[PDB]
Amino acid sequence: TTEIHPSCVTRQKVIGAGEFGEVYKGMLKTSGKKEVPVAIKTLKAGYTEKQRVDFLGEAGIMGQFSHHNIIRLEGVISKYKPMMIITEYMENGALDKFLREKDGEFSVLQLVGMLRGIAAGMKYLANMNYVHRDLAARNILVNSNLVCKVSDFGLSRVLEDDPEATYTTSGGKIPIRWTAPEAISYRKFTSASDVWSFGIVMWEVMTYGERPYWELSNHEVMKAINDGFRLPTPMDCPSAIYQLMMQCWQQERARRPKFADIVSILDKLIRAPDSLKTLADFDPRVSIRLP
């Protein structure tokens, strides 16, 4: 892992914060070249052994990856305190908030392109034998080219740190509305449970960041899923896209597409973009009648 001297890092603005460090936007000097914008996460003094292992472990995992749709690591400060992880800077931030702040501003083809990128990053991770466990729009980052990159890596720290992941009756901490039934029921997290999550992300993207299952409680979500109910079609959603998200939500893990199948289908739809003009029917909640 590239070790960066602290004199090369200028933290400029807090963009996220937690009890044991912050995330900053800043600049990285890498004498001749212009400084480059970066994101910087810190780990403050007094950290425990487990915190150090988890913090640097995220950097270690990220350093094993080289893919357009996976956040790129610039390096770490580990020889000086506070320790830091430095990555590329994603100008548009988290995908969930981005979509909610840009409601209706993109074309269907742009939205599907975002899903293609996410799927390519997930195919890469699954092929690398990395199970994400927390795939959700809140853990995707977006740059000024609209490229979506998978974020949030690690072992126990991922679900521990995400406030959407809640303690269950069985004792595990999981983000219920994004998690496959086998992962909820018996702690079985695999690339196929990540495919379930990806289907939820597809729904998030096509609804501009609606909250999955709206106000249903976590218990009610699990009950509906076990009863066979599934999220309904977003408004303005290509039929092929809704069909694909439905396949991701098969109860039987073995029936779900693999990420390779998802990427292939999304590629083909984008290459023949008229295919996206055929929309799934939308079930209205409200009737407007006028004579």
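Whichever C-alpha set is largest while still superposing within 1.5 Å between the two forms counts as the rigid core. Quick note: we count residues from 1 along the sequence shown, nothing fancier.
Between 51 to 59 and 238 to 246, the larger root mean square Cα shift in 9 other deposited structures of this protein, once each structure is superposed on the rigid core, falls on 51 to 59. Here 82 to 90 and 201 to 209 are scored by the root mean square distance of their C-alpha atoms in 9 other deposited structures of this protein, with each structure fitted by the rigid core; the higher score goes to 82 to 90. Across the other PDB entries of this protein whose models span the neighbouring residues, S170 goes unmodelled in a third or more.
Coverage remark for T190: present in the model in all other entries compared whose chains are built on both sides, leaving no third without it. In this entry, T30 is separated from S31 by 1 to 3 residues of the deposited sequence that have no coordinates. Averaged over Cα atoms, the B-factor as recorded in the entry is higher for 19 to 27 than for the other of 19 to 27 and 264 to 272. Set 97 to 105 against 194 to 202 and average the Cα temperature factors; 97 to 105 ends up higher.
Highest C-alpha temperature factor among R253, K41, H68, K50, as the PDB entry reports it: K50. The top Cα temperature factor in the record, among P82, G209, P181, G113, falls on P82. The deposited CA B-factor of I77 belongs to the highest third of values across its chain.
Split the chain's modelled residues into thirds by C-alpha temperature factor. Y89 is in the middle one. Per the PDB record, residue ranking by Cα B-factor puts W214 in the middle third of the chain. Ranked against the other modelled residues of its chain, the C-alpha B-factor of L56 as given in the entry falls in the highest third.
When the modelled residues of the chain are ordered by C-alpha B-factor, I225 sits in the middle third.
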